[PDB]
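1. show me the folded form of this:
(one chain, ligands or ions: 3)
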Amino acid sequence: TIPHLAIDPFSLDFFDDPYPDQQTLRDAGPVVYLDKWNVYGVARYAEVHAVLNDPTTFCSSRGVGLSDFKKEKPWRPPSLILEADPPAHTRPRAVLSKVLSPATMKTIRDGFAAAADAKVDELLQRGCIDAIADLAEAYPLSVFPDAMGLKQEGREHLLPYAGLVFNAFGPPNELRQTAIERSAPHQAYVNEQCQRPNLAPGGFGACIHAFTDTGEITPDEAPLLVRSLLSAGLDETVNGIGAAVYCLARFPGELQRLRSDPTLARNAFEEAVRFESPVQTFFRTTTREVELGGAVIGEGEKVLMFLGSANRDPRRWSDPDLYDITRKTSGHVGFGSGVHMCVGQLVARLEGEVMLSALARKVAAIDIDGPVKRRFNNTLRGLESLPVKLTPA
Ligand code: HEM
Ligand SMILES: CSc1ccc(C(=O)O)cc1
Ligand SMILES: [Cl-]
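-> Numbering: from 1, shown residues only. Ligands and ions are numbered 1, 2, ... in the order given. Sure, the structure comes next:
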């Protein structure tokens, strides 16, 4: 009853253009079996949403990559939040929710927005830029390590460690093995920065440690929780901002609408998260035999959720291949859904909003004027190079 497909969603050919294969995966059935890796897959919005919101059947504590922690050893100690189920997940989730809370956003908004305005004005002096290296990457690196409270020494390990984290969710292909091999220097840097003396008071990392006083986490738990904020948040946000810029260049009508009403900046970024879905795919592991979309899945089976395909399912979205900055985006699964739904979403939205606001107020045109290159990652979708010419307003 379940169709078997030979599509490899972790192949360079798939990364290069996944959308025709995503339709094949959606139209083959609500549940497919991927013979290449011996996993189940769901590519439609309805089943992806259902799996995310059924954590007792589709668990995370056996890993959210291909590897099953009950069968293989994790490449690093399991995350206390991402790779945990309720109730172990609850108190670490609560600490990060408070650390990255609405009230926290008030303390960082002025500095984050000033840095975005200054970056755009700097780039307009140059004219022709790489919107990845010089904008999508440069801006988060100028605000988030400071907000974390990291020291200056060693920040060159931050992007390599993030790329490693997301490649390691993948299958044991060249991308994953190349990343894990000789990764000890990146791991050693990150683990050291998670210790309380190395985090600036008032930063995100020091605030996590401050919660050990409360009984929500123990002091021996706090370093691993800090590690989550050195694992997630960087590459996805970079990829999201780069996709937004790409969309505003490829859809010039939408840049003109954003210029006319800069208060659309926050929804313009949300639509880019849907359109690009920086986190493309995530796994769950079944804890029991379960019926999903009329198909029966055994216990202990890996289930691949295609978040990017779910966000482009024409069963759920009108003109899903169109970038539309006034789209009602509520319900997209680019940040997940349910108990694990991105705890850092307010930080991500703040960075993207203030960058798109700066562009909206200062830029009249964005023209691609050089070869565009893709960045390849087992889990993340995003661009490597995006040469554009910025015309001032
Ligand atoms: C556009 C940017 C981002 C995207 C697309 C994204 C995507 C996601 C998704 C899909 C999940 C759900 C994982 C699951 O259900 O297994 C998640 C969770 C998470 N994200 Fe984000 N994220 C982004 C930004 C951030 C930022 C800025 C931070 C930190 C400041 C962050 C930290 C986390 C953490 C710690 C979790 C685990 C939450 C939990 O398990 O309860 N992410 N993210
Ligand atoms: C959903 S991407 C991601 C989220 C959390 C962590 C972590 O907790 O280290 C790593 C990756
Ligand atoms: Cl590590």
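
2. from the chain, which residue is nearest to ligand 3?
-> Going by Cβ to the ion, ligand 3 is nearest to residue 187 of the chain, at 3.8 Å. In short, each C-beta sits where N, CA and C put it, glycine included.

3. any idea how far that residue is from residue 55?
-> 28 Å (Cβ to Cβ, to the nearest Å).

4. again, but for residue 21
-> Using Cβ to Cβ, we find residue 21 at a distance of 28 Å from residue 55.

5. what does residue 66 give?
-> In terms of Cβ to Cβ, residue 66 sits 19 Å off from residue 55.

6. comparing these two, which residue is more hemmed in?
-> Each of residue 66 and residue 55 has its neighbours counted (other Cβ atoms under 10 Å); residue 66 has more, 22 against 18.

7. tell me how far the more buried one lies from residue 304.
-> 8 Å.

8. repeat for residue 139
-> Taking Cβ to Cβ, one finds residue 139 at 32 Å from residue 304.

9. again, but for residue 33
-> Here residue 33 is placed at a distance of 10 Å from residue 304 (Cβ to Cβ).

10. what touches both of the two?
-> Counting by Cβ atoms under 8 Å, 6 or more residues apart in numbering, the contacts common to residue 33 and residue 304 are 39-41.

11. from these, which is closest to residue 181?
-> residue 39 (23.8 Å; Cβ to Cβ).

12. for the residue nearest to the closest one when sequence neighbours are not counted, what are its contacts?
-> Take residue 39 and drop its neighbours on the chain: the residue closest to it by Cβ to Cβ, 6 or more residues apart in numbering is residue 302, 4.3 Å away. Going by Cβ under 8 Å, 6+ apart, residue 302 touches 38-40, 66, 68, 283-285.

13. go through those residues and flag which are in strands.
-> 39-40, 283-285 (DSSP state E).

14. reformat those as CSV; add distance to residue 326.
-> Listed next are the ones in strands among the contacts of residue 302 as CSV, based on distance: Cβ to Cβ, whole Å:
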residue, distance to residue 326
39, 37
40, 36
283, 34
284, 33
285, 39
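
15. near ligand 2 too, which of the residues you listed?
-> Checked against ligand 2 using Cβ under 6 Å from any ligand atom, the ones in strands among the contacts of residue 302 give no members in range.

16. hang on, residue 48 in a helix?
-> Yes. Under DSSP: H, G, I helix; E, B strand; the rest coil, residue 48 sits within a helix.

17. that one - how many residues pack around it?
-> 27.

18. pull up the gap between it and ligand 1, please.
-> Applying Cβ to the nearest ligand atom, to the nearest Å, the value for residue 48 to ligand 1 is 11 Å.

19. so that residue sits against residue 333, correct?
-> Yes. Residue 48 lies in contact with residue 333 (Cβ atoms under 8 Å); the separation is 5.9 Å.

20. between the two, what contacts are shared?
-> Any residue near both residue 48 and residue 333 by Cβ under 8 Å, 6+ apart counts here, and that gives 307, 310.

21. residue of the protein closest to ligand 1, please.
-> The minimum distance from the chain to ligand 1, using Cβ to the nearest ligand atom, falls at residue 344 (2.2 Å).

22. circling back: so which of the ones in strands among the contacts of residue 302 is the closest to residue 170?
-> residue 283 (9.8 Å).

23. hey, what's the closest one bridged with?
-> Per DSSP bridges, the residues bridged to residue 283 are residue 304.

24. residue contacts, it?
-> With Cβ under 8 Å, 6+ apart, residue 283 has these contacts: 39, 63-66, 169, 302-305.

25. scan these and report the most crowded one.
-> Result: residue 305 is most packed of those (other Cβ under 10 Å), 28 neighbours.

26. tell me which element residue 323 is part of?
-> Using DSSP states H and E, residue 323 falls within no helix or strand.

27. tally of neighbours for it?
-> Residues lying near residue 323 (other Cβ under 10 Å) number 21.

28. and what of residue 116?
-> 27.

29. residues from the chain in reach of ligand 3?
-> 76, 187, 190 (Cβ under 5 Å from the ion).

30. so is the helix or strand encompassing the last one next to ligand 2?
-> With elements taken from DSSP H and E, the one containing residue 190 is helix 184-193. No. Looking at helix 184-193 against ligand 2 by Cβ under 6 Å from any ligand atom, there are no contacts, and the closest approach is 9.9 Å.
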